[PDB]
Amino acid sequence: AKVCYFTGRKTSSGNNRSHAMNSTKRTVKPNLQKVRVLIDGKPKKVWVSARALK
Amino acid sequence: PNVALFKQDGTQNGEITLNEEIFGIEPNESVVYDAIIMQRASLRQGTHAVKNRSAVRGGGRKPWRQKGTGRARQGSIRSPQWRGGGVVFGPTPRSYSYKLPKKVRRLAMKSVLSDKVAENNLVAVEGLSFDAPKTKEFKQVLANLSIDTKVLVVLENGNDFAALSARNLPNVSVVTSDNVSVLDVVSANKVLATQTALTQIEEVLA
Amino acid sequence: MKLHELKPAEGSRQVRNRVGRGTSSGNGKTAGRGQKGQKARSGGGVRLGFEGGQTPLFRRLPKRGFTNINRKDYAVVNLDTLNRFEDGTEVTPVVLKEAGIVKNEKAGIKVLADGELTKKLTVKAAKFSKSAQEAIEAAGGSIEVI
Amino acid sequence: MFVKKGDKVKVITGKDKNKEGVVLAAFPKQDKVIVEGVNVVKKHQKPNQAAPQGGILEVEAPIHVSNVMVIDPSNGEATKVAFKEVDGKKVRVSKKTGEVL
RNA sequence: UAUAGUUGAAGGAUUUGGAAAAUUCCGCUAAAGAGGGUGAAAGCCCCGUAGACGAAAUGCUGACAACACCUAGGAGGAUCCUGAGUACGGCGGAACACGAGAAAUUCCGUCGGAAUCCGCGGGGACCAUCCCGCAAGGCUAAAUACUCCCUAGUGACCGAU
């Protein structure tokens with residue numbers, strides 16, 4: 001998904017070397033989860049990372 | 001050396017003494033030539049440019065194929081041979097200015113002044129004064145002093161009433177005692193200078 | 001010397017060499033370059049030291065050495081530099097210098113023993129070659145590692 | 001400009017030295033002014049409404065102000081006109097012994 | 001002070017010409033001999049320049065008024081506060097002149113997860129003594145880069161391919 005509603009994790013990109021550093025491109029998406037949570041008392045549905053779930 | 005003295009009519013009072021370490025030095029020559037060329041050739045303005053192949057408002061589409069027409073091969077409308085193409089190795093903006101060792105400057109000034117005194121051309125005047133800047137009197141000042149050729153005037157400091165009458169025929173040109181340069185002496189024949197300006201010169205020149 | 005009579009110092013200005021202006025200069029039609037070959041295109045020539053194909057010299061022989069991170073080299077003044085401070089002046093690695101003798105004391109001033117001194121100075125520096133102390137105390141000076 | 005429509009004038013230059021007259025028309029915006037009997041020119045007029053015939057006519061042609069003085073009338077000579085602050089207008093004031101135009 | 005302005009010195013004659021600013025006499029002015037124009041090449045014909053003066057209206061920049069806001073010592077050390085899924089570790093990548101290399105320092109993704117002044121970070125793996133600092137909350141003029149545009153200038157820069 002796009003972002004986290006609470007913090008600002010977002011997708012990005014970096015290379016990927018393999019045993020002879022042939023450089024290509026990759027994607028690093030942040031772990032994300034859809035959960036129903038309270039906002040103003042109105043339960044929403046939104047993306048929250050699995051690192052702000054403690 | 002020794003030089004005579006006059007005021008504007010009071011003619012031939014006692015003389016004046018000047019040291020031999022500055023005004024008697026049997027001038028070197030190559031220094032003078034080189035300092036003249038440098039000083040003068042430091043007055044340029046390098047502002048001049050020219051468009052070249054990648055700057056002309058042209059295009060990179062070939063005229064036509066590489067073959068077929070039997071014609072010669074061409075890469076771009078705009079290019080050196082075509083009329084209306086870029087230039088190869090045209091003039092760009094540059095600098096032209098450059099300095100010398102610090103000693104030869106002083107040797108040059110000393111040599112110039114010693115040369116001019118060597119032929120009785122420094123005329124030491126006592127003191128010039130004008131209440132108002134009346135141009136006509138200046139002419140009479142020189143007429144009394146018998147200086148008609150191209151001349152140069154050295155003044156002490158802001159006694160401007162003696163400079164505001166130096167927009168004469170260009171036979172004269174005015175300058176204080178802090179800006180005496182090489183050219184502004186070599187270019188002239190006779191030189192006028194008050195008595196205080198002489199000492200002031202003999203200060204800055206150590 | 002007057003404006004309209006300038007003369008440069010003789011033999012002090014050459015002329016130029018503009019190449020490729022006609023077969024009489026001697027440098028037209030291949031601009032003093034000869035026939036074909038990659039020495040004769042625009043911007044030809046190989047990099048420096050390259051050698052065709054041979055393994056060049058700098059790879060034919062081995063690497064050696066390292067560099068101590070904290071070496072200290074001094075600013076040696078031998079013995080005759082001292083021989084102008086006639087008799088008693090407290091030579092010092094300081095405003096002694098201040099005379100056009102030794103600027104940029106690298107890591108303190110050394111003193112050496114070449115080649116002959118006849119004075120009675122008093123020397124203060126940061127090291128001494130064993131023969132130098134003998135020369136100083138031979139003419140009867142002093143020393144101090146200060 | 002220093003020259004008006006009705007103002008007698010001496011001519012200094014150009015084949016009409018010393019000859020005077022009356023300025024007829026004034027063309028500023030190109031600095032041309034025409035006088036009487038100074039710039040006669042022959043026009044091969046073609047048969048027209050005006051002058052049904054085609055006579056060779058004679059009219060005057062413009063002259064540049066650098067060829068025109070002004071006149072004294074109080075005296076009768078030429079003055080390198082200067083300006084004075086007479087009462088609240090700028091009436092031209094002659095040089096050469098103080099006239100008033 | 002920027003945007004309209006005002007004032008501003010001194011020449012006649014002669015020879016060639018279609019035409020003089022040209023030539024030859026004799027004069028004059030300059031704090032003004034920079035330049036442009038006029039029937040050919042002008043210090044004294046014209047526009048100007050050196051100077052001197054000038055704004056009803058509008059804008060900017062100062063200054064000092066008024067108002068707004070902000071800021072106090074000394075002595076005590078019983079107890080309290082000093083930025084948390086943060087620092088940091090493994091893993092995979094990037095940033096530092098530093099391509100994992102013996103690799104400190106800085107970030108990013110994932111998992112694991114500290115102490116609280118007798119405390120914590122750093123001084124190029126790591127440990128000990130010493131020394132220097134207090135992260136995980138914000139703001140901050142000047143010295144620097146550029147010129148579509150306006151004003152005034154300059155050029156051993158071009159002169160209809």
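Computed from Cα positions, the angle between helix B:195-204 and the longest principal axis of chain B comes to roughly 50 degrees. Each 20 Å bin from zero holds the following percent of Cα-Cα pairs in the protein assembly as shown: 11, 15, 26, 26, 16, 5, 0. Can you tell me which of B:151, B:87, B:141 moves the most in a GNM of chain B? Springs connect C-alpha atoms under 10 Å apart. Judging by the Gaussian network model, the answer is B:87.
Note on chain B: with charges restricted to the Cβ of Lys and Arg (+1) and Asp and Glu (-1), its dipole about the Cα centre is near 3580 debye. Straight-line cross-link partners of residue C:63 among the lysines, defined as a Cα under 26 Å from its Cα and at least 8 positions apart when in the same chain: C:72. Note on residue B:110: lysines with a C-alpha under 25 Å away, same-chain residues under 8 apart excluded, are B:99, B:102, B:150, B:190, C:2, C:7.
Restricting to DSSP H runs of at least four residues, report the calculated mean residue ellipticity at 222 nm for chain B, -39500 (n - 2.57) per run over all residues, nearest 500 deg cm²/dmol.
Taken over chain B, the calculation gives -8000 deg cm²/dmol.
Spatial offset of the stretch C:1-35 relative to the stretch C:39-75 amounts to 37 Å, using the alpha carbon center of each. Between C:65, C:4, C:89, the Cα set farthest toward the positive side of the dipole of chain C (charges on each charged residue's Cβ, about the Cα centre) is that of C:4. Against the longest principal axis of chain B, how steep is helix B:102-117, in degrees 0 to 90 to the nearest 10, with axes from Cα atoms? Around 50 degrees separate the two axes. Of all DSSP beta bridges in the protein assembly as shown, what percent run antiparallel (nearest 5)? Antiparallel bridges: around 65 percent, rounded to the nearest 5. Quick check: the angle from helix C:130-139's long axis to the longest principal axis of chain C, C-alpha only, nearest 10 degrees? That helix lies at roughly 50 degrees to the long axis.
Taking the charge dipole of chain B about its Cα centre, with +1 at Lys and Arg Cβ atoms and -1 at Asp and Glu Cβ atoms, the residue from B:17, B:124, B:164 reaching farthest to the positive side is B:164.
Normalised by 2.2 N^0.38 Å, where N is the number of residues, the C-alpha radius of gyration of the stretch C:19-119 stands at 2.27. Across B:190, B:134, B:110, mean-square fluctuation computed from a Gaussian network of chain B (C-alpha pairs under 10 Å connected) peaks at B:134. A simple charge model with +1 on the Cβ of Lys and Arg, -1 on the Cβ of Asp and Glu and nothing else charged puts the dipole of chain D at about 260 debye relative to its Cα centre.
Note on chain B: with a GNM built from Cα contacts shorter than 10 Å, the maximum mean-square fluctuation among B:70, B:158, B:46 falls on B:70.
No lab work stands behind these numbers, since they all come straight from the coordinates. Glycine gets a Cβ as well: all are built from the backbone with ideal geometry, and neighbour counts include every protein chain shown.
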